[PDB]
Number of protein chains: 2
Amino acid sequence: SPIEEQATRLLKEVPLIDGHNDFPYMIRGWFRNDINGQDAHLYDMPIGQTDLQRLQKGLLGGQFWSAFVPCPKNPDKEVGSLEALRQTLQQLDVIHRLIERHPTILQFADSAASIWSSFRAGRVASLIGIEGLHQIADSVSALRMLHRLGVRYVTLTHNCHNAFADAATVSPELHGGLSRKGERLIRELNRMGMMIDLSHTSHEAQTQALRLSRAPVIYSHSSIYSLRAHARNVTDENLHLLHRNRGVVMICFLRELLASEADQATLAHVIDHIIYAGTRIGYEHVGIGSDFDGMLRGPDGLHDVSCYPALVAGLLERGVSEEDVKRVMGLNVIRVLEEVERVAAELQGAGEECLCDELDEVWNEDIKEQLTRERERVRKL
Amino acid sequence: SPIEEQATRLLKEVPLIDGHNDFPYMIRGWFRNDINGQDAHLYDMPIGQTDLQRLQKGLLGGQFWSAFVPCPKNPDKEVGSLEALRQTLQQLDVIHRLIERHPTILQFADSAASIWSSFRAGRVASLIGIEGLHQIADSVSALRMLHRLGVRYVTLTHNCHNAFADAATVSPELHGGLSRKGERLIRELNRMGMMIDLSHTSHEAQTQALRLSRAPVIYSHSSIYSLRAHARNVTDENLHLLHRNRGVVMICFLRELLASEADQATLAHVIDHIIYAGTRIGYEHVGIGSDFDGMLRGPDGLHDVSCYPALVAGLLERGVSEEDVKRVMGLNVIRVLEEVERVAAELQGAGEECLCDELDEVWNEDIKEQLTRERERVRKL
Ligand SMILES: [Cl-]
Ligand SMILES: [Cl-]
Ligand SMILES: [Cl-]
Ligand SMILES: [Cl-]
Ligand SMILES: [Cl-]
Ligand SMILES: [Cl-]
Ligand SMILES: [Fe+3]
Ligand SMILES: [Fe+3]
Ligand SMILES: [Fe+3]
Ligand SMILES: [Fe+3]
């Protein structure tokens, strides 16, 4: 077929970079992060929508691998919050081990340059995102260390409110958008060069973040409110503010976000959503954000990671131009990552002060007096 | 003076790499890790034995900066252990920020090559070590992520027993050396390329670690038992096993480890200890491990980080050869780091299986059946 030949050509010309995949959490569920001697299963999985053979088959150029851990359910809030941090390091660890044990398929990337070098080598550019600020355990220091471990976006919430922002699915509202700490964290996220992800956050939290952010943001996996009314989808208001922000909405394959009855959801519905956003706010602000392995069953025609060529062909069939399809595939999310890094370099170049954690005093006045008294003795020498 | 000219020449020919300095914890004590607008104080500190002016003055070539946090004192052991992990990320964060805000003085290093490139650029090679396995919160995944954050040695204990090994100062003994988990962790530390540090560990724990380790280890800050009997000092037995191990004992400036009465401790005592070890197990297995800022007051002549030229001159004055002084200064610890990395590359090249954490089951049998049933449906398509 000519359109399938066209789709295959585009997939090798530019990387299709998917916004969100929970394959690392499936490894935690199935293997408990022990992948020693499990290559046969990692290439051909007995569960889930992602494995290394199907990943190759669908010609995916890059992937933001989710380092998601669940919202804390311990009655002791201190324990649950700290437990989420330990579990986050476990998920970051298995992601890095997955990449390092399969270097012919996966190659770690944390920038636009590293995405392209991975793609030109014939690897899936493997980036990392955390899904919720519950994962940092109220520690901006921890957040900066997650950036050093390779995390390049942070979803501000999952399906629970935190100290910084409100989730979409939980009611009633806690902060009514972003908190004071949330507003201050946006500045720090822009300063460090962490991409803001507005998926799972409330409509009001999106509006406030889109106005405040000095860098372009993403929706790593969200769809369109006007076509399908859901708390998780993006309103026309926030789509316009995303345009002003220079951000990208990466369209989700979640069946509940595409149709009123989930079993009616299709590949066509995903294309409807991409075209709606592309028509109204331009094709340079739309992406692909599957959320594969964040669901049991995908839409008809998008059942697993092998189905991306059908999506690329489907967009071309509906009259989306070759250049605009390349933008939707991956050039847009590359641009946002570029601009996030460029804004960070500008703010770090100017010497902007970083956000610090509020710590307890470890020394009393007696210890501090002994230290100053000791320093003065050394000055006399 | 000719000897002072000789000492100054050696300090610029090869890097003096100190094994242990707790300046990051002094920053936590004094500034609470908020160093924004504090350069005047960071160059000329009102407390402690380390600042950036005195660091330059003493001509130090490199430093393993300690990311120490105290042993957990919470009655809830789960909370205290997890709290130590969060505090570790805070200390790693302030170390990286200290280095990045002062790039003319400090340059991050995590290898022998990066030590030399830092030294040839005129910077203090800034490496990182954690002080106690309580800091990883019983998570080998976290430990690997600490390695990714730049940690290149792990002291197996501080002044508390943990799941892996016994501390020296605490009685009674818990494991009687290393535990089963401790023995297994030694293999993982060798595999990942993490340098083992035997300071603060019990005599029996040292003996077992020195026999088991496939890579050379260090004592980042310990002195000699035969000259001064203390639980923290190294016995003649363990000195010989260190020789077989190919490791390095980095001699400590702690006054309690050098003399029976602390106020009697001197620069001469430190030199006595270096010469004792150098005479008996060779000068290629001895280093310098100040423990500056792990004490209030240092020995007479070694009061702060500006005093290293007096130590180099003191060693030359006592008849230690120019080549042997260069070894003690830093070439030995560089060699150990080289060999630790070489052993890691060999074991990782062979494809040795990594140690994994024991995780809870997140899915029940019903969820696993739904997933396998879903996968089979996709296979039929
Ligand atoms: Cl290019
Ligand atoms: Cl930073
Ligand atoms: Cl704290
Ligand atoms: Cl050299
Ligand atoms: Cl590894
Ligand atoms: Cl767990
Ligand atoms: Fe997810
Ligand atoms: Fe999600
Ligand atoms: Fe220390
Ligand atoms: Fe110590």
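Computed from heavy atoms alone, side chains included, the values below leave out hydrogens, waters and symmetry copies. In the text below, chain A, chain B and the rest are named by the order of the sequence lines, each starting its count at 1.
The most heavy-atom pairs under 4.5 Å with chain A, out of B:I136, B:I35, B:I367, B:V362, come from B:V362. Ranking B:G37, B:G29, B:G150 against chain A, the residue ahead of the rest is B:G29, based on heavy-atom pairs under 4.5 Å. Interface remark: of the candidates B:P70, B:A142, B:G351, B:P46, B:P46 forms the most heavy-atom pairs closer than 4.5 Å to chain A. The residue among A:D34, A:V140, A:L149 with the most heavy atom pairs within less than 4.5 Å of chain B is A:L149.
The number of heavy-atom neighbours closer than 6.0 Å to NE2 of B:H147, taken from other residues, nucleotides and ligands shown, is above 12. With a 6.0 Å radius and a threshold of 12 heavy atoms from other residues, nucleotides or ligands, B:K368 has its NZ atom above the threshold.
Residues B:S139 and A:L89 are not in side-chain contact: their nearest non-hydrogen atoms beyond the backbone lie 4.5 Å or more apart. Residues A:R297 and B:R377 meet the side-chain proximity criterion, which asks for heavy atoms closer than 4.5 Å. Side-chain contact between B:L85 and A:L82 is absent, with no heavy-atom pair separated by less than 4.5 Å. In this structure, B:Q90 and A:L359 have side chains that are in contact, with non-hydrogen atoms separated by less than 4.5 Å. Counting heavy atoms from C-beta outward, B:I47 and A:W363 have side chains that approach closer than 4.5 Å. Contact annotation: the side chain of B:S141 never approaches that of A:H96 to less than 4.5 Å [non-hydrogen atoms, C-beta and beyond]. Considering only heavy atoms from C-beta on, A:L371 comes within 4.5 Å of B:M26 through its side chain.
Distance check, rounded to the nearest 0.5 Å: CE of A:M145 to CG of B:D93 gives 4.0 Å. A:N33 CG to B:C354 SG: the interatomic distance, rounded to the nearest 0.5 Å, is 10.0 Å.
For B:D51, the part sitting under 4.5 Å from any heavy atom of chain A is the side chain, from C-beta outward, and nothing else. Proximity to chain A is limited to the side chain of B:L381, based on heavy atoms less than 4.5 angstrom apart. With a 4.5 angstrom heavy-atom cutoff, B:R373 does not touch chain A via any of its atoms. At a 4.5 Å heavy-atom cutoff, the contact between B:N36 and chain A is made by side-chain atoms alone.
Taking the ring-ring contact (aromatic ring centres under 6.0 Å, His included) definition, one finds that B:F68 meets it with B:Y25, B:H158, sequence neighbours left out.
Salt bridge absent: B:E100 and A:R144 never bring a charged side-chain N and a carboxylate O closer than 4.0 Å. Between B:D360 and A:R28 there is no salt bridge, since none of the side-chain N atoms of the basic residue sits less than 4.0 Å from a carboxylate O of the acidic one. The existence of a salt bridge linking B:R101 and A:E353 is excluded, since no basic side-chain nitrogen approaches an acidic carboxylate oxygen closer than 4.0 Å.
The contact list for residues 298-309 of chain B toward chain A, using heavy atoms and a distance under 4.5 Å, reads B:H303, B:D304 by residue number.
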* For B:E78 and A:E83, what are the C-alpha separation, side-chain angles and deciding distance, and is it a side-chain contact (heavy atoms from CB on, under 4.5 Å)? -> CA-CA 9 Å; B:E78 263 280 301; A:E83 282 274 30; 3.0 Å; yes

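Between A:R375 and B:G48, the shortest heavy-atom contact is CD-O, 3.6 Å. Of all the heavy atoms in A:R86 and B:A137, the pair that sits closest is NH1-O, 2.8 Å. Contact record, A:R97 with B:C356: NH1-SG, 4.0 Å, taken as the closest heavy-atom pair. Pairing each heavy atom of B:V378 with each of A:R54, the nearest pair is CG1-NH1, 4.3 Å.
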